[PDB]
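Data first, discussion second: the structure below is written as structure tokens.
Virtual Cβ from ideal backbone geometry, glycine too; neighbours counted across all protein chains shown. Taken together, the values in this text are just the output of simple stated rules run on the coordinates, not laboratory data.
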Ligand SMILES: [Zn+2]
């Protein structure tokens, strides 16, 4: 029901932020 | 042909991508069961379009290996540990024929030593335990002894018997009603009518024993053993 | 015709398959990586052509300065 | 855990759904030709004709072995990889401390052509070599059957008798004690020395030790398999120099150490 590894969740969020930031960086440059 | 092989290859690219995606989805949920070493053995395995065609009445043991273009007729049986490889040419097994445990029925892997001969097994044929048939033909109602080796081009005529442990050299034609044995196989004696009766009665009995074995293997997999293996500590 | 994007995508595809072959793996072992490599090759080729144009533009100005300094000697 | 954990769980569910849909689409493009791999239906121990194999507690049966029907296996015995002990039409008995090596077939006969049809009897501390064929015969205690040998119905191998590798022993042949037979057909070769009797006994005793490590490995669960895979990776190499700089000594965990009775020394 829930993923419990909090470090893994933080890393997943960091990877998502990296991807979305790269997309926005390209789109606004 | 070439188009089918290209489509088969491109399908593997899409499948490998999908399976990797599924693994990513499990890793996000903290599941690692995809890492379990489970047996990839297939009783019936295809080599691209070459797939085994097996009669609905023919018993095949789950641990047997049937690879490529392999035809099994009605009432026939493939017992435990048997290997049948039909890639470079076809393997055909007639009706009412028993291939006993740990037998190997295969064709040549390469055409370096000549054109690759197929393997033909007739009807009501008995192949004894751990026999090796390589690119030969076996006619209807013949007896191949346990541990015998038949090389390529060998013809075993109807009602002919290869003794146990006999090495039949390449292109050796066994005439009807003859017992051949030894290394290399040579004529030993003439077959008797009682032996012919025992051959037929044995193949009929093996078809009935195979029916029994095909029923007990069909039993639903025990969930108790599954739970016992899951909960080991 | 033959553009920087096409050449770069082909070179990215070639690199991934060359990398797979150097490791004795099948050519199309991880096809999403082939897609990534084609994208990266196209990006790199377009950037390289743009950078070459900029470099030539800068070199022209610097050679102008060099020639002016050298022509100062004959005054 | 929490809201973020649930969100990532739902996203992973979507990702798995997409992955399986892509797998199906690829399978369709393959032309439905590839036969799918399935859950294993091999039964190591199987009943037939309401007969159940009777296997002692400390017997190594390889998972790939097929023990079928009315088969009895005694203490300390070992059934190796690919072995088929089909006791369906008659009884198969295996004594204590007896090894049946890889890819062996043991079968019986309901009725032989002539004489009295008997079950397959294998005694104690008997070695049966790789890929042997044992059909309706009797092997008494402390006997040796070489690899690739074929024993037909009615064959009797006596105590301290040896069948050489590759031998075809004809029906109703008797191998006397202290003798080694061989060939196709098998025939008397020579007498067995005392060192060879010692060899036979040491063979059975070595295989009881080998059976233990194989039985231990084959019965490990998924979790233990993964733990030991990680351990094996962690201890595959060493940097004892940096350990000495750190002032530590790395020791091999006990789960990775084999018992002394199986080591060459
Ligand atoms: Zn049999």
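Shape summary of segment D:182-265, radius of gyration then Dmax from alpha carbon positions: 21.4, 68 Å.
Throw me the Rg/Rh for chain D, computed over C-alpha atoms with Kirkwood Rh, two decimals. Rg/Rh: 1.15. Out of every Cα-Cα pair that segment D:121-265 contains, those further apart than 23 angstrom amount to 52 percent. Here the protein assembly as shown is treated as an ellipsoid with the same Cα gyration tensor; its semi-axes, largest first and in whole Å, are 60, 32, 26.
Between the alpha-carbon centres of segment B:1-77 and segment B:196-227 there is a gap of 25 Å.
Relative to one another, the C-alpha centroids of segment D:1-24 and segment C:27-55 are positioned 30 Å apart.
If you average the sequence gap of Cα pairs under 8 Å that are 6 or more apart and divide by the length of chain B, what percent do you get for the contact order? Kindly include the intermediate steps, with their values, before the conclusion.
Details: 550 pairs, mean separation 24.0, N = 233.
Relative contact order here is 10 percent.
Per-residue shielding of B:85-98, expressed as the average number of other chain Cβ atoms within 10 Å of the residue Cβ, stands at 0.
Between B:50, B:158, B:115, the residue with the greatest mean-square fluctuation in the GNM of chain B (Cα pairs under 10 Å linked by springs) is B:115. At q = 0.11, 0.23, 0.27 Å⁻¹ the log10 of I(q)/I(0) for chain C amounts to -0.47, -0.94, -1.07, computed by Debye summation with a single uniform scatterer per C-alpha, solvent ignored. For segment D:119-181, the convex hull drawn through the C-alpha positions has a volume of 55 cubic angstrom per residue.
Compute the Cα gyration tensor for segment D:63-165, then decide on rounded, prolate or oblate, letting a ≥ b ≥ c be the square roots of its eigenvalues: rounded whenever a/c is under 1.5, prolate when a/b is larger than b/c in the other cases, and oblate in all that remain. In terms of gyration-tensor shape, rounded. For chain D, modelled as a GNM whose springs connect Cα atoms under 10 angstrom apart, the maximal fluctuation among D:43, D:237, D:174 occurs at D:237. The radius of gyration of the Cα set in segment D:1-118, together with its Dmax, comes out at 23.9, 80 angstrom. Dimensions of segment B:4-46 based on its C-alpha atoms, expressed as ranges along the principal axes with the largest first, amount to 38, 25, 8 Å. Dimensions of segment B:59-214 from C-alpha coordinates, computed as largest minus smallest value along each principal axis and given longest first, are 43, 38, 20 Å. Past the 18 angstrom mark, what percentage of all C-alpha to C-alpha distances in segment B:1-76 do you count? When every Cα pair of segment B:1-76 is considered, 62 percent fall beyond 18 Å.
The long axis of helix D:2-29 is offset from the longest Cα principal axis of chain D by roughly 60 degrees.
Scoring D:189-201, A:16-28 by mean Cβ neighbours within 10 Å over their residues and listing the highest first yields D:189-201, A:16-28. Here the spin labels are modelled as points 7 Å beyond Cα on the Cα-Cβ line, and at residue B:32 and residue C:44 they lie 3.5 nm apart.
The C-alpha atoms of chain D define a longest principal axis, and helix D:194-218 lies at about 30 degrees to it. For peptide B:1-13, the mean count of partner chain Cβ atoms within 10 Å of a residue's Cβ comes to 4.
Relative to one another, the C-alpha centroids of segment D:76-91 and segment D:186-256 are positioned 25 Å apart.
With a 10 Å radius around each residue's Cβ, average the other Cβ atoms per peptide and rank D:46-57, D:243-254, highest first.
Numbers: D:46-57: 14.5, D:243-254: 9.5.
Highest mean packing first, the order is D:46-57, D:243-254.
The mean number of Cβ atoms from other chains found within 10 Å of a Cβ in peptide B:25-36 is 6, as a whole number.
Each of residue D:3 and residue C:56 was given a label point 7 Å from its Cα along the Cα-to-Cβ line. The distance between the two points is 5.6 nm.
If you take the C-alpha gyration tensor of segment B:156-206, multiply each eigenvalue by 5 and take the square root, what semi-axes do you get, largest first, in whole Å? They are 20, 11, 10 Å, listed from largest to smallest.
The residues B:55, B:123, when put in order of fewest to most other Cβ atoms within 10 Å, stand as B:55, B:123.
Treating only the Cα positions of segment B:63-143 as identical point scatterers, give the base-10 log of I(q)/I(0) from the Debye formula at each q in 0.15, 0.18, 0.21 Å⁻¹. So the normalised log intensities work out to -0.44, -0.64, -0.87.
If I fit a long axis through the Cα atoms of helix C:31-71 and take the longest principal axis of the Cα atoms of chain C, what angle between them do I get, 0 to 90°, rounded to 10? Long axis of C:31-71 versus the principal axis of chain C: about 10 degrees.
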